[PDB]
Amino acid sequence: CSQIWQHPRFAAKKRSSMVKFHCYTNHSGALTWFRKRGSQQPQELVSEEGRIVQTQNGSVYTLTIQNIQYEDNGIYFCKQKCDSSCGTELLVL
């Protein structure tokens, strides 16, 4: 990873299960999660009525994806929320 570290780097989960990813950096500023499918443009994650939740646990930013399904396949990464690259791959089994 670069200036932003993510854990895990790979997760494989059966449909309907839950996953939690974590990211942090040594700089100040909130991080926000994005999802990338293939080489497409990254898109900011939306809550989907609480199915996908971003929280902050001190210095660590956590993404929780519940009831995992096909649309969740992809590469997840954190970026500085407001800004004056490693990722986490999710494979749905």
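All residue numbers are counted from 1 along the displayed sequence.
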How much of the deposited sequence is absent from the coordinates between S84 and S85: none, 1 to 3, 4 to 9, or 10 or more residues? 4 to 9
Which of the two stretches, 42-50 or 62-70, shows the higher mean Cα temperature factor in the record? 42-50
Quick one: which of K79, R9, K14, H22 has the biggest Cα B-factor according to the entry? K14
Sorting the chain's modelled residues by C-alpha B-factor, tell me whether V92 ends up in the lowest, middle or highest third. middle
